[PDB]
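Engineer:
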Amino acid sequence: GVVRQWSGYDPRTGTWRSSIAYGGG
Numbered sequence: 001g002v003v004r005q006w007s008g009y010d011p012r013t014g015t016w017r018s019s020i021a022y023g024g025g
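Letter by letter, the sequence shown follows residues 1 to 25 in PDB author numbering.
#1: Pull up the distance between the alpha-carbon of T15 and that of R4, whole angstroms please.
#2: Please report the straight-line C-alpha distance between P11 and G1, rounded to a whole angstrom.
#3: Return the chain-ordered list of same chain residues with a C-beta closer than 6 Å to the C-beta of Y9, the five sequence neighbours on each side being excluded.
Put into structure tokens, the structure is as follows:
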């Protein structure tokens, strides 16, 4: 698992993309 976020946050679904741990982070 990873431990770094970025601009891959989807507001439309309040979730991340996939590369990073979706659901908060």
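By construction, the Cβ of each residue, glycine as well, lies at the ideal position given by its N, Cα and C atoms.
Structural biologist: On the basis of the coordinates in this document:
#1: Residue numbering aside, residue 15 sits at position 15 when the sequence shown is read from its first letter. Residue numbering aside, residue 4 sits at position 4 when the sequence shown is read from its first letter. Those two C-alpha atoms are separated by around 15 Å.
#2: Looking up residue 11 in the sequence shown gives position 11. Looking up residue 1 in the sequence shown gives position 1. Whole-angstrom Cα-Cα distance: 22 Å.
#3: Position 9 of the sequence shown, counting from 1, holds the residue named residue 9. Closer than 6 Å at Cβ, skipping near neighbours: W16.
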